[PDB]
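Undergrad: Everything below, folded, please.
(3 chains, ligands or ions: 5)
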Amino acid sequence: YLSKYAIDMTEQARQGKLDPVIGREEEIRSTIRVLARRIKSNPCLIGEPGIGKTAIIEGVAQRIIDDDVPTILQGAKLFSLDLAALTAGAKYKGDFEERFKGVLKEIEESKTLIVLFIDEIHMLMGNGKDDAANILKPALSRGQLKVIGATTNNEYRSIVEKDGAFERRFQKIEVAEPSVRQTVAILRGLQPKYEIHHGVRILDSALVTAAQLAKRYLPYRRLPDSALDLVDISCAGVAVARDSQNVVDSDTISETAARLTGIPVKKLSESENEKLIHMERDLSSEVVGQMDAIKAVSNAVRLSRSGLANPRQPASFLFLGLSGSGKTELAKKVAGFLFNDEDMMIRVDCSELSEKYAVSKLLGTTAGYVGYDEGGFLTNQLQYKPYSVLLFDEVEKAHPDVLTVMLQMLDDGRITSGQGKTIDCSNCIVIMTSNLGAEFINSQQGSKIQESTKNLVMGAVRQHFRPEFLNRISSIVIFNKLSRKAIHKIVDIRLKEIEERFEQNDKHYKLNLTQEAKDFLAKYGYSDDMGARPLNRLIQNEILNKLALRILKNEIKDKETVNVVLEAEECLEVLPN
Amino acid sequence: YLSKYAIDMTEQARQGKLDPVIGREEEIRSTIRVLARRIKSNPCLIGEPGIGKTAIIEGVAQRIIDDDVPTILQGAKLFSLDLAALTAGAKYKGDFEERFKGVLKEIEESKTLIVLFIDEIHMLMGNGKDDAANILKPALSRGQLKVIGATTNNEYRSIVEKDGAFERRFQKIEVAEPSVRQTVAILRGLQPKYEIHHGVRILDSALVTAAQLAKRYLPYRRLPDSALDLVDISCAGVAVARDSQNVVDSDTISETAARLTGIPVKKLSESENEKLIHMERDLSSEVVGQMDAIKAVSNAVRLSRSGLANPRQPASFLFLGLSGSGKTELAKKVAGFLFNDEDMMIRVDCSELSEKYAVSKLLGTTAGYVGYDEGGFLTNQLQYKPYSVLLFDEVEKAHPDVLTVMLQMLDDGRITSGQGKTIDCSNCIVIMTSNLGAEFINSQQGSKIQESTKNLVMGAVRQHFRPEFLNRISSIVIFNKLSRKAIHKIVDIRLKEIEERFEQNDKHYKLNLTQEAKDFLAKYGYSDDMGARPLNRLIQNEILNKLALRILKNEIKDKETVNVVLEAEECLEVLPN
Amino acid sequence: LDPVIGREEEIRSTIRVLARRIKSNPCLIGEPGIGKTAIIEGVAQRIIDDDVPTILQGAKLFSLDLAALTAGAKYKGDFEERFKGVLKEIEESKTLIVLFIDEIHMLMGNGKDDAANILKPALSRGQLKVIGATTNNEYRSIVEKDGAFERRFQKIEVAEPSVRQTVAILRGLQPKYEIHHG
Ligand SMILES: Nc1ncnc2c1ncn2[C@@H]1O[C@H](COP(=O)(O)OP(=O)(O)O)[C@@H](O)[C@H]1O
Ligand SMILES: Nc1ncnc2c1ncn2[C@@H]1O[C@H](COP(=O)(O)OP(=O)(O)O)[C@@H](O)[C@H]1O
Ligand SMILES: Nc1ncnc2c1ncn2[C@@H]1O[C@H](COP(=O)(O)OP(=O)(O)O)[C@@H](O)[C@H]1O
Ligand SMILES: Nc1ncnc2c1ncn2[C@@H]1O[C@H](COP(=O)(O)OP(=O)(O)O)[C@@H](O)[C@H]1O
Ligand SMILES: Nc1ncnc2c1ncn2[C@@H]1O[C@H](COP(=O)(O)OP(=O)(O)O)[C@@H](O)[C@H]1O
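TA: Numbering: from 1, shown residues only, chains lettered A, B, ... in the order given. Ligands and ions are numbered 1, 2, ... in the order given. Find the structure here:
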């Protein structure tokens, strides 16, 4: 049976057919110690996709091969007993179980200390069990039959919670994601594999770059793999050039990575330094007024960079102030400059986050219960989007259960769902917004809220939220009244970003509204409660729909001249034909 | 034939090939006495998994083969049967019954007084009767078919209380963890099993401390078995190393174990003694001022130690005073010293209460309570952290019924649950906190608050809480205003902490603030309404904001001279990079 | 739909206010049983006749009430959901929709309780136009309890027609009675 249903990895490994494993020496040492145990001799690797599971198993073979194992294990050998033997080559219920018994008996015979391994224990047990190895295997545990289990933590948890027995037969070994630098070392170990595979030379800077990029381009997959994937892709691109050479940091790899989604200048040019020294000036141009809010945000974001602030915590803010103040524009513009995607952010509508708090909760419905979008609202999105702003809209209405989770992620951001998996997105800036202190911004005590008044704003916060929450937010930020002092030019800022996307620039407007329509829109648009929100609405109707009404006359060649044709707003701005 | 899927334990015992069992002589005698009974003669050990429930049964087998068994039972043999017997061979509805009935009949039919046993009794009755090999037995109890086996107290209640008939068929026998010395004797008994299996010699003292370590280290694990985990794992450690001699006193064990939580040396040190002696002296370096509070703690701790306090319970304090005075800081720092880990603290929100509190406190329950984490907030943390500090946040806000619930910590360390399980605290020091007397501390009568102020505080305490509650407290401790003298050191603590917690050693700072920058920090970071708390935020706002940004701007490559320069707080940092 | 007359001033005010781009939501403040409905029917015809400021040229009138909060409701919070559902549908593109509420007494929620009422200040200055109506006996209490209502709505003083106005109405509706009854 073994010749059909299992692979003698140790012997293959002895011959070659192995990738030298590095950065997992402790996992191997742990595995060896477990296998050596008089009792409870079975280890299990628990990690995530891209972590190094198969390598850990091969690393064990390397120690076996060199007999760099305790006396007990010097006769040990590894066999891959999974997937193909279970379902890919199977047709009916029981095919696996009978084959399994078959190999266990071949294995049980004393053909050296056979140590088996499972690449995916989810394939065993699964759903309904039916003794899919799970009862027979431990039933025969006296006959050596040592085995190394393995799984993602997500499944480990689900499998364990359904069972709880193998959990106490198998020693847990958690396998951590390696540092980017460790990832690079892995890439270096595999450098010649890629060079041979593709026939291209790889520069050391290329390896460094790929690992760094992996952190920055494949947010849902762990670093060894994410980096190795890009390197193989990049090398293949170079091989194509070779076939019609070498692998280089930005010339091949960065662009290859960029080309997986777009990107062409981002990540490559993103040295961060000048965004702070000059990148901050951009938010204050995209968002107008509230310069200190911008600075506060910029500062804290930057503090999370380089782990200067303890890296366990992402920047985190509480945005208090007027609606229509730009508090979310800032969140988006930050995502824009910081990540190059204003819509990468995840919006959390907290006004709906009442007693339901299930699929509607970041953590999701406790796994296994009806309503199986288990973290579909936010966790799953975060797996794909850990490099963006998470924002809580009217967080003051969020159910305490949600607020609790926020606290859990607010610091020590090991974001973990009810699925049993961790996202750990310490790079996700989180913004909570609130109208809680609005009663004090409404005091009008400076368009820029002055001392005491801002303290009353913070006061309201102290009264509503638990101190622990408040003690972990990196800053409370106030979205100061925009006033004429801002909107007199915001209107231009808005009209300009519209121009730039108005007709994809095939045709464009001048729209010189002088002072007259600029003030018309600003004065009738801007609200001291709703801020610029109604202003934007006026632009859509006063200008964009109006311009459309004129273009439908089919009389334009290009540009757009202005003549503001003079109850509230009876003028309607009106630009001339 | 019953042998098809089950084991003759007595015969195994006749052949040896089974660890000898010691330290449970009374349990097995009790078991035997029960078995010898005319009526209601079945036993069932009750405890925790890993407790030795099997070993106790095995000890009985030894008694049979040694004829220490009464003559009515000398004609008996023990036979195990479970899980594989139940499910490996069960494919269709009714297979359970057929497999059991088959066995039961073979036994019933003259062939030896076999005492059948189930080590996982809750499997009988499945998840809710429907004769999941359940009714079957009472019906067959008329054939004697004597049964032993075991249950945890949790599953016991979960199943047995529902079964009812069990209670009139079995005479349950409770079991419990042995002492450490007894465990060591067990370890000595098993010592050669490892010395032979691993080849690793075990120092006598190694066995001794392994058991000690099991309690000092392996939170929720059973002393029985866990102590062996330490022995076997430690031996495996040595075995791997020697082939790449022995297990030494505490050294190899402790490093092998301690590494699982860290704190290596702290665990590998003096058995409290010196820590207890220089508790306050050393604590004063992390907790500044409040010497009396520190002394109070040191004393209670010392009393919880060495059995000086009544061993039936944990020590506790009521920490009264202003937030920011260090009530929690102290509690965390002592969690630090006590458990070598400040994160051990269990934080409890006392204000989140109503008369419907239930799962909200410990594991209390109501109809509809089910949801798995039915109050693990307090109890699972204690389960997982039995060597810890638990703290009540503004205990004055606790509902009186909850203050009563807290009685389970205040005395009588036994802790109940509506899940049918207990926690039973011991080395779980509890701190209750409150601002109940804040208006008296605000008298500011010295940096060492005068007694009449304290009397006002104690008055309020007595007025507010039931005397019964208060009486159980080891000490009620009142915190002083910290003032300049305390923050004079607190700042330095935090400054050092920040670089030490700066990932590793990435920049190093001189932190040479001199009195002036320390005063700056005090001026804008210490407040009588938040005490020293704002110092943290201020340091973030000044030191991290200004220096981190310069680092991030690549202005600060390495090192850093640190101070301030003379609206407000323009003085923040103002340093060359 | 019956013709309405004697309300041209009340209707014109309603139209001017709806046309108004800031405090654009009118409310028929006054004596109950005076044809407040008729004013709305008036508006419903002003649109179509389009004898309105061109602001309302793209507009449409609907009467959103009762079914809106109760008939389509099953449990707590449905007032917000049913209203929100509609508001989303009409927030953009599909004409300059104006809703009429028979009673503003259904606004300010069931003791506010975010019962559609939350959508009110949210939409009060978010297009989503609405015409209210009220009995003065409580109107005064609506504005004292709400505050925002007075700040967000334009009261229109409305009252019963004189006898002469009434007979004009009756004559206008004369054929409606004659036709129905024969
Ligand atoms: N030489 C090596 N050093 C470290 N890791 C390696 C090495 N060679 C292969 N690997 C990794 O083992 C991993 C495959 O296991 P893993 O992704 O963790 O499995 P799964 O998807 O099932 O969780 C890949 O990332 C693979 O590149
Ligand atoms: N420079 C700017 N450009 C465009 N909008 C700005 C700018 N500064 C502030 N704002 C305004 O902030 C408004 C959005 O405010 P916000 O409260 O976050 O949104 P919402 O009210 O839609 O929830 C936008 O309409 C935007 O015009
Ligand atoms: N000499 C001994 N004396 C007491 N207990 C022993 C001895 N030898 C082995 N054991 C016990 O074997 C037990 C295993 O625990 P047990 O509760 O029976 O669970 P399991 O079903 O996992 O074996 C341990 O408690 C261990 O102490
Ligand atoms: N004596 C002290 N030594 C060091 N830090 C202190 C001391 N007293 C107060 N603090 C500060 O106050 C904070 C905790 O305050 P505390 O009163 O114990 O709790 P809380 O204010 O969070 O209710 C700590 O972060 C700590 O920096
Ligand atoms: N001239 C009119 N002809 C017909 N109806 C009129 C006239 N003037 C006012 N009305 C009516 O006043 C009515 C108010 O409706 P009604 O059903 O009586 O409820 P309410 O008790 O709120 O007033 C409207 O239907 C409106 O048409």
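
Undergrad: Around ligand 2, which positions in the stretch 351-500 of chain A sit nearby?
TA: The stretch 351-500 of chain A comes close to ligand 2 at residues A:482, A:490, A:493-494, as judged by Cβ under 6 Å from any ligand atom. For the C-beta atoms, the positions are set from N, CA and C on the backbone; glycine is no exception.

Undergrad: ok, of those residues, which one's closest to residue B:538?
TA: residue A:482 (29.6 Å; Cβ to Cβ).

Undergrad: With adjacent residues omitted, what lies nearest to that closest one?
TA: With sequence-adjacent residues excluded and distances taken as Cβ to Cβ, 6 or more residues apart in numbering or on different chains, residue A:482 is closest to residue A:289, at 5.1 Å.

Undergrad: Would you agree residue A:148 falls within a helix?
TA: No - checked against DSSP: H, G, I helix; E, B strand; the rest coil, residue A:148 lies outside a helix; its state is strand.

Undergrad: residues making contact with the helix or strand hosting residue A:156?
TA: Residue A:156 is part of helix A:153-163, with elements assigned from DSSP states H and E. For helix A:153-163, the surrounding residues in contact (Cβ atoms under 8 Å, 6 or more residues apart in numbering or on different chains) are A:44, A:46-48, A:120-122, A:125, A:134, A:151, A:166-167, A:174, A:367-368, A:419-422.

Undergrad: Just the buried ones from those?
TA: Buried members of these, counted by 16 or more other Cβ atoms under 10 Å in any protein chain shown: A:44, A:46-48, A:121-122, A:125, A:134, A:151, A:166, A:367, A:419-422.

Undergrad: Go through the residues you listed and name the one nearest ligand 4.
TA: Among the buried ones among the contacts of helix A:153-163, residue A:422 lies closest to ligand 4 (Cβ to the nearest ligand atom), at 26.7 Å.

Undergrad: count of neighbours near the closest residue to residue A:310 other than its chain neighbours?
TA: Nearest residue to residue A:310 in three dimensions, chain neighbours excluded: residue B:501, at 5.8 Å (Cβ to Cβ, 6+ apart). Taking other Cβ atoms under 10 Å in any protein chain shown as the neighbour definition, residue B:501 ends up with a count of 12.

Undergrad: do the same with residue A:566
TA: The burial count for residue A:566: 11, using other Cβ under 10 Å.

Undergrad: How many residues are close by the closest residue to it other than its chain neighbours?
TA: Once flanking residues are discounted, residue A:566 sits nearest to residue A:516: 7.6 Å by Cβ to Cβ, 6+ apart. Counted with other Cβ under 10 Å, the neighbours of residue A:516 add up to 14.

Undergrad: Please apply the same query to residue A:267.
TA: The number of residues near residue A:267, taken as other Cβ under 10 Å, comes to 18.

Undergrad: Now it: which helix or strand?
TA: Per DSSP H and E, there is no helix or strand for residue A:267.

Undergrad: ok, it touching residue A:259?
TA: No - between residue A:267 and residue A:259 there is no contact under Cβ atoms under 8 Å: 11.7 Å.

Undergrad: Could you find the closest non-adjacent residue to residue A:29?
TA: residue B:240 (6.6 Å).

Undergrad: how close does the most centrally placed residue in chain A get to ligand 3?
TA: For chain A, residue A:386 is the residue whose C-alpha lies nearest the centre (Cα atoms, centre = their mean; 2.4 Å). Distance, residue A:386 to ligand 3, by Cβ to the nearest ligand atom, to the nearest Å: 41 Å.

Undergrad: List the residues that contact that residue.
TA: Residue A:386 neighbours (Cβ under 8 Å, 6+ apart): A:219, A:423, A:425, A:427-428.

Undergrad: With residue A:171 instead?
TA: A:30, A:34, A:37, A:40, A:42-44.

Undergrad: contact partners of stretch A:356-368?
TA: Outside stretch A:356-368, the residues within contact range by Cβ under 8 Å, 6+ apart are A:158, A:161, A:348, A:352-353, A:369, A:371-379, A:382, A:399, A:401-402, A:405, A:409, A:415-420, B:371-372.

Undergrad: Please disregard the earlier target; I meant stretch A:411-420.
TA: Here stretch A:411-420 has contacts from A:153-158, A:161, A:312-314, A:316, A:361-367, A:374-375, A:379, A:382, A:408-409, A:422-426, A:428, A:472, using Cβ under 8 Å, 6+ apart.
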